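Asks: Have a look at this one before I ask anything.
Every number in this text was worked out from the coordinates using simple rules, so none of it is lab data. Positions of Cβ are generated from backbone atoms using ideal geometry, with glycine treated the same way; all protein chains shown enter the neighbour counts.
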Amino acid sequence: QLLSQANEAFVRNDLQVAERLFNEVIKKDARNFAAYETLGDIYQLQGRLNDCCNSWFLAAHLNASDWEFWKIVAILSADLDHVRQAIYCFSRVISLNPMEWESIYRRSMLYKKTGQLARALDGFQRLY
DNA sequence: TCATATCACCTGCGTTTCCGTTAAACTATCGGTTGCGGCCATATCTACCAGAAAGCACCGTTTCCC
């Protein structure tokens, strides 16, 4: 009922009311992905990117099946210097589907920045 | 012949989460091997010392001199 009312308010562009209703559920469960599927949109549009990335990452630990999205979670985590989290997100991208080859390259930049090259080398051989 | 509810089950499939595996860069000692220097032995040089034959000075019995 709360999730329907919050998503209805989101469709009405009543984003603060939508947030207040999603917060009634998030207060009971901080990992409630069913709220973040649209509350994350509110947080991204309002520039709350620090809270937005965490809303994706902590809930997606459980809700990992939207696998293409882990690339976006990894990218934003790296832009915010949450580098462990960025590598952990790219791991799920590659573990769920290796064919997202640009993700191997992007992850290899994190490896280049910190000297973690032994993980990049076999990956670049596969890319080549 | 498909579409719900409820209970015994038990046995079965193959699922679903934190731990285990192969092997990473970076980590904490600690070992095979590198170079560097004490105690003690020797022949020589020396400091500190006493003893003898000989110096040498303090002394007063002598007697010549005030």
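Asks: What residue among A:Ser108, A:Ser95, A:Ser55 has the largest mean-square fluctuation in a Gaussian network model of chain A, using Cα springs under 10 Å?
Replies: Sorting by GNM fluctuation, first place goes to A:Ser95.
Asks: Same structure again: Full-extension gain between A:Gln1 and A:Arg126, please, as 0.36 nm times their residue separation minus the C-alpha to C-alpha distance.
Replies: Roughly 40.1 nm would be gained on extension.
Asks: With the contact rule set at Cα under 8 Å and sequence spacing of 6 or more, what percent relative contact order holds for chain A? Kindly include the intermediate steps, with their values, before the conclusion.
Replies: Values: 115 pairs, mean separation 17.3, N = 128.
Relative contact order, chain A: 14 percent.
Asks: If I model a spin label at A:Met109 and A:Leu80 as a point 7 Å from the Cα along the Cα→Cβ vector, what separation in nanometres do I get?
Replies: 1.8
Asks: Here is a follow-up. What length, rounded to one decimal in nm, is gained on full extension from A:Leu117 through to A:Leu45, with 0.36 nm per residue of separation minus their alpha-carbon distance?
Replies: Full extension of this stretch gives 22.3 nm more.
Asks: Over chain A, with a Gaussian network built from C-alpha contacts below 10 Å, which listed residue (A:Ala86, A:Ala74, A:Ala64) shows the highest mean-square fluctuation?
Replies: A:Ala64
Asks: Taking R0 as 25 Å, what's the FRET efficiency between A:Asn13 and A:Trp101 from their Cβ-Cβ distance, rounded to 0.05?
Replies: The calculated FRET efficiency here is 0.05.
Asks: How do the peptides A:112-123, A:14-25, A:35-46 rank, highest first, by the average count of neighbouring beta carbon atoms within 10 Å per residue?
Replies: Ranked by mean Cβ neighbours within 10 Å, highest first: A:35-46, A:14-25, A:112-123.
Asks: For chain A, set up a Gaussian network in which alpha carbons nearer than 10 Å are linked by springs, and say which option among A:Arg92, A:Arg12, A:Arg84 fluctuates the most.
Replies: A:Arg12
Asks: Further question: Under the 0.36 nm per residue contour assumption, what length would be gained going from the current alpha-carbon distance of A:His61 and A:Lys28 to full extension?
Replies: 10.1 nm
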